[PDB]
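Two separate entries follow, structure 1 and structure 2, each one form of the same protein chain as structure tokens.
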Structure 1
């Protein structure tokens, strides 16, 4: 939407040759999360993640790549890769949507990410693409 995000999307394709649906800026963690089409994540990363390294050089921020999906469960699984997600649950009331992910006894480790880093990525992405304003790992 913004011009900044518009710039990021343009440089992403310029370096990788892959089209980014969106670029979720995360100033707090000096990070940029690029959303790409299904099956495209490997092309965007490159051999030895060389393209990730060039994007960091190019945009001066940390770079992350996630495959987008209009299906909440799908993108949720993409958002928490090294995790066993049993069930996802979305509750809405007065237009307030909250997602509750059910991960096994101790999958809560990778789920949260060092310093919420991971679950914040979930919140940011689900907030921008699904109107979800609350995420909960249970």
Structure 2
């Protein structure tokens, strides 16, 4: 937790009143991803996403909220809302963790997202939270 992330987390609570466990910085897309407790996402977003907007203005970046979970399958389902997750497989060899997410043939496209947008955000998040160095949609 860098001092920068610390600030981000501080402002998150000051604006929304909700506590952010972690804030994953995504410079490649000028985006901050706040991790909140189960069932707290709606409170963090606010009526009409008004809090998301105030945070964007306060922090100068696009804001995203995801509910944290120590359970991998759960947080994966949270990371891919628009898709149905059938199963996940964590393959570890020599300390290298790889995660294979199983979706339906049809849902496959939406899983990865355009430009792999979705698979990339997850890889970013699982990397910082679970040591996963690679995510794959199957």
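Residue numbers count along the first chain shown, from 1. C-alpha atoms forming the largest set that superposes within 1.5 Å between two forms make up the rigid core.
Core superposition between the two structures leaves every listed residue (96, 110, 54, 90) with a C-alpha shift below 2 angstroms except 110. Taking the core as reference, the Cα of residue 119 moves 1.3 angstrom between the two structures.
For residue 35, the Cα shift between the two structures is 0.2 Å when the rigid core is held fixed in the overlay.
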